[PDB]
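Pasting protein26.txt here (compact mmCIF, C-alpha atoms):
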```txt
# COMPACT_ATOMS: atom_id res chain seq x y z
CA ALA H 1 1.34 5.77 -19.32
CA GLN H 2 2.48 8.42 -16.85
CA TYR H 3 -0.33 7.89 -14.39
CA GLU H 4 -0.84 4.18 -13.84
CA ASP H 5 -3.36 2.27 -11.80
CA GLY H 6 -1.45 0.75 -8.87
CA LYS H 7 1.14 3.54 -8.98
CA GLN H 8 -0.07 7.04 -7.97
CA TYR H 9 -3.53 5.65 -7.31
CA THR H 10 -5.47 2.39 -7.04
CA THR H 11 -8.93 1.64 -8.40
CA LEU H 12 -11.76 0.48 -6.12
CA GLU H 13 -13.07 -2.98 -7.02
CA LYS H 14 -16.40 -1.78 -5.74
CA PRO H 15 -17.00 1.78 -6.93
CA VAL H 16 -19.13 3.94 -4.67
CA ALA H 17 -22.06 5.63 -6.42
CA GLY H 18 -23.09 9.16 -5.48
CA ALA H 19 -19.89 9.75 -3.46
CA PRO H 20 -18.39 13.26 -2.95
CA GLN H 21 -16.18 14.25 -5.83
CA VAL H 22 -13.10 14.72 -3.61
CA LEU H 23 -13.34 12.79 -0.30
CA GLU H 24 -10.55 12.92 2.32
CA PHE H 25 -10.37 10.86 5.56
CA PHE H 26 -8.23 11.65 8.58
CA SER H 27 -7.79 11.14 12.35
CA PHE H 28 -6.40 13.65 14.86
CA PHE H 29 -4.45 10.60 16.17
CA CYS H 30 -2.88 9.91 12.75
CA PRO H 31 0.80 10.98 12.48
CA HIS H 32 0.90 11.30 8.66
CA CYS H 33 -2.37 13.28 8.87
CA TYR H 34 -0.65 15.79 11.13
CA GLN H 35 2.05 16.18 8.47
CA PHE H 36 -0.60 16.41 5.70
CA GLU H 37 -2.24 19.27 7.53
CA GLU H 38 0.50 21.32 9.14
CA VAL H 39 3.62 20.68 7.04
CA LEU H 40 2.29 19.72 3.58
CA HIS H 41 -1.08 21.49 3.51
CA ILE H 42 -2.39 18.78 1.14
CA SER H 43 -6.08 19.76 1.17
CA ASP H 44 -5.20 23.29 0.37
CA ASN H 45 -2.87 22.56 -2.50
CA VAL H 46 -5.33 20.09 -3.96
CA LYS H 47 -8.08 22.74 -3.83
CA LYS H 48 -5.80 25.23 -5.62
CA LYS H 49 -5.49 22.80 -8.57
CA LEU H 50 -9.05 21.45 -8.72
CA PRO H 51 -11.34 22.69 -11.58
CA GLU H 52 -14.33 24.94 -11.04
CA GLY H 53 -17.48 23.20 -9.82
CA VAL H 54 -15.71 20.62 -7.65
CA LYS H 55 -16.46 20.25 -3.90
CA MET H 56 -14.02 18.95 -1.26
CA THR H 57 -15.12 16.94 1.73
CA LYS H 58 -13.03 15.94 4.74
CA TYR H 59 -14.16 13.44 7.36
CA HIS H 60 -12.79 12.16 10.67
CA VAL H 61 -12.63 8.43 11.47
CA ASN H 62 -13.32 6.30 14.55
CA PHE H 63 -10.79 3.52 14.25
CA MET H 64 -7.96 5.37 16.05
CA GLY H 65 -7.76 6.45 19.68
CA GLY H 66 -10.70 4.39 20.94
CA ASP H 67 -13.17 6.40 22.98
CA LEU H 68 -11.47 9.74 22.36
CA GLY H 69 -11.34 8.83 18.68
CA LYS H 70 -15.15 8.75 18.59
CA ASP H 71 -15.43 12.02 20.57
CA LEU H 72 -13.18 13.60 17.96
CA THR H 73 -15.47 12.40 15.17
CA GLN H 74 -18.44 13.98 16.91
CA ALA H 75 -16.34 17.17 17.55
CA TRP H 76 -15.47 17.29 13.87
CA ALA H 77 -19.23 17.05 13.11
CA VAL H 78 -19.69 20.09 15.37
CA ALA H 79 -16.84 21.80 13.53
CA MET H 80 -18.53 21.13 10.15
CA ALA H 81 -21.98 22.24 11.34
CA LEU H 82 -20.66 25.53 12.73
CA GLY H 83 -18.21 26.05 9.88
CA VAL H 84 -15.25 26.40 12.21
CA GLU H 85 -12.98 23.72 10.72
CA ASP H 86 -10.21 26.19 9.99
CA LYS H 87 -10.15 27.44 13.55
CA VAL H 88 -9.92 24.10 15.35
CA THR H 89 -7.98 21.80 13.06
CA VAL H 90 -4.55 22.93 14.16
CA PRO H 91 -5.18 23.12 17.95
CA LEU H 92 -6.84 19.69 17.84
CA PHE H 93 -3.85 18.14 16.06
CA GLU H 94 -1.45 19.84 18.46
CA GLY H 95 -3.51 19.03 21.57
CA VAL H 96 -3.60 15.35 20.63
CA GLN H 97 -0.11 14.77 19.14
CA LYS H 98 2.21 17.65 20.22
CA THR H 99 1.24 18.88 23.69
CA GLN H 100 -0.91 15.88 24.60
CA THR H 101 -3.30 18.12 26.47
CA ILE H 102 -6.39 16.48 24.99
CA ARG H 103 -7.49 13.51 27.07
CA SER H 104 -11.22 13.88 27.36
CA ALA H 105 -14.23 15.37 25.67
CA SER H 106 -13.98 18.35 28.04
CA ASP H 107 -10.47 18.96 26.71
CA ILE H 108 -11.70 18.86 23.09
CA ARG H 109 -14.39 21.33 24.12
CA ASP H 110 -11.71 23.69 25.61
CA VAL H 111 -10.07 23.90 22.17
CA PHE H 112 -13.32 25.23 20.67
CA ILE H 113 -13.85 27.65 23.62
CA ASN H 114 -10.35 28.99 23.16
CA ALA H 115 -10.98 29.34 19.41
CA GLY H 116 -13.92 31.52 20.38
CA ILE H 117 -16.95 29.29 19.90
CA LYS H 118 -19.36 29.96 22.80
CA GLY H 119 -20.07 27.26 25.38
CA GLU H 120 -23.84 27.29 24.87
CA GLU H 121 -23.33 27.12 21.10
CA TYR H 122 -20.85 24.24 21.25
CA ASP H 123 -22.90 22.17 23.70
CA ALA H 124 -26.09 22.77 21.75
CA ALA H 125 -24.36 21.64 18.54
CA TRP H 126 -22.69 18.66 20.31
CA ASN H 127 -26.13 17.42 21.36
CA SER H 128 -27.99 18.29 18.15
CA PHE H 129 -29.53 15.71 15.79
CA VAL H 130 -27.98 17.65 12.92
CA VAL H 131 -24.62 16.66 14.42
CA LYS H 132 -25.90 13.11 14.98
CA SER H 133 -26.60 12.72 11.24
CA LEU H 134 -23.31 14.41 10.34
CA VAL H 135 -21.55 11.74 12.44
CA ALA H 136 -23.58 9.09 10.57
CA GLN H 137 -22.38 10.54 7.25
CA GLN H 138 -18.75 10.34 8.31
CA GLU H 139 -19.18 6.74 9.33
CA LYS H 140 -21.18 5.73 6.24
CA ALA H 141 -18.64 7.29 3.86
CA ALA H 142 -15.83 5.37 5.58
CA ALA H 143 -17.86 2.14 5.62
CA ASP H 144 -18.58 2.57 1.89
CA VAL H 145 -14.90 2.19 1.01
CA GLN H 146 -14.13 -0.26 3.80
CA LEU H 147 -11.56 2.11 5.25
CA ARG H 148 -8.77 0.73 7.49
CA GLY H 149 -6.18 3.46 7.00
CA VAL H 150 -5.70 7.22 7.07
CA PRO H 151 -4.79 9.63 5.59
CA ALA H 152 -6.89 8.63 2.57
CA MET H 153 -8.29 10.49 -0.38
CA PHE H 154 -10.92 9.18 -2.83
CA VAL H 155 -11.94 10.75 -6.12
CA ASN H 156 -15.50 10.33 -7.46
CA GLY H 157 -15.94 7.25 -5.31
CA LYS H 158 -13.81 5.25 -7.71
CA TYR H 159 -10.11 6.15 -7.27
CA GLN H 160 -7.89 6.14 -4.20
CA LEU H 161 -4.70 8.21 -3.95
CA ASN H 162 -1.58 6.17 -3.37
CA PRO H 163 1.04 8.45 -1.78
CA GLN H 164 3.45 5.53 -1.22
CA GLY H 165 4.13 5.53 -4.98
CA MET H 166 5.39 9.15 -5.18
CA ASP H 167 8.88 10.62 -4.48
CA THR H 168 9.36 11.99 -0.94
CA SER H 169 12.92 13.43 -1.19
CA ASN H 170 11.32 16.85 -1.58
CA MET H 171 8.12 17.73 0.25
CA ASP H 172 7.08 20.41 -2.28
CA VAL H 173 7.51 18.02 -5.19
CA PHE H 174 5.51 15.41 -3.28
CA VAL H 175 2.57 17.76 -2.70
CA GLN H 176 2.41 18.89 -6.34
CA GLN H 177 2.56 15.34 -7.59
CA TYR H 178 -0.24 14.44 -5.18
CA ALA H 179 -2.34 17.45 -6.22
CA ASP H 180 -1.68 16.88 -9.94
CA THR H 181 -2.77 13.29 -9.44
CA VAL H 182 -6.05 14.37 -7.87
CA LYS H 183 -6.62 16.75 -10.83
CA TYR H 184 -5.86 14.00 -13.36
CA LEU H 185 -8.25 11.62 -11.62
CA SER H 186 -10.78 14.42 -11.39
CA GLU H 187 -10.81 14.83 -15.19
CA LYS H 188 -10.90 11.09 -15.78
```
Reformat the file's structure so that it appears as structure tokens.
Amino acid sequence: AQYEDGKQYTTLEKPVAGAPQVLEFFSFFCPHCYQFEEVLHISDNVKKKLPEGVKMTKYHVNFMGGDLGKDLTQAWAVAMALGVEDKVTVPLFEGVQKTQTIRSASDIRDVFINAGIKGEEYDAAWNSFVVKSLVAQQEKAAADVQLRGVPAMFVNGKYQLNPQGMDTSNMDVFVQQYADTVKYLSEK
């Protein structure tokens, strides 16, 4: 075939019922994730090729960066609750990996303040039980697929993208192959 299990994707031994149709995992500490976001724009190009009626979910993970890693997962929960993902994603990646100006929760908070979220509003969200359960969801989704690596993308809780089996000579060609794979799996 042209798409082959074990090639552009792998199949989960233990399929996850009720999972989001397109589920992506990342860490602001993850070097390939930085690439996926700022150079490749994976999420975006996948979206552009997904059918109508299909939702995309993106979650942060705890297993990188220790204590700050967990703060970042809670900050991402705040981002999701307030709908400000597209205003903080880049400065969080750059604060962690480029400028290395993020070293504490207060520093994460500064990124939101600078993106124009109000202090009161951020702190209220940070402490809200809506954010507590949004953190729980991120963890449960990761636990469901026994996740030990990012970036990761899962389709319909049954297929996992395998970027290592795609050509990387050309970044554009890589992205389209990745996106076309997600679409194929989507229709499966």
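Between residue H:141 and the candidates H:188, H:47, H:7, H:58, the tightest atom-to-atom separation, counting only C-alpha atoms, involves H:58.
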Return as JSON the centre and edge lengths, in Å with one decimal, of the box along x, y and z that encloses every atom of stretch 10-14 of chain H in the file, padded by 3 Å per side.
```
{"center_x": -10.9, "center_y": -0.3, "center_z": -7.1, "size_x": 16.9, "size_y": 11.4, "size_z": 8.7}
```
Please identify every residue of stretch 36-151 of chain H that has at least one atom no farther than 10 Å from an atom of stretch 165-174 of chain H, counting all atoms listed in the file, and for each give the shortest atom pair and the distance in Å to one decimal, arranged by chain then increasing number, as a Markdown table.
```
| residue | atom | partner | partner_atom | distance |
| --- | --- | --- | --- | --- |
| H:39 | CA | H:171 | CA | 8.7 |
| H:40 | CA | H:171 | CA | 7.0 |
| H:42 | CA | H:174 | CA | 9.7 |
```
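With atom CA of residue H:157 on one side and atom CA of residue H:143 on the other, the separation reads 12.2 Å.
Candidate residues H:91, H:4, H:79, H:149 were compared for distance to residue H:130, and the nearest is H:79, using all atoms listed in the file.
From atom CA of residue H:156 back to atom CA of residue H:87, the distance works out to 27.6 Å.
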- With distances taken over all atoms listed in the file, the candidate from H:186, H:74, H:177, H:106 nearest residue H:164 is H:177
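Straight-line separation from atom CA of residue H:69 to atom CA of residue H:92: 11.8 Å.
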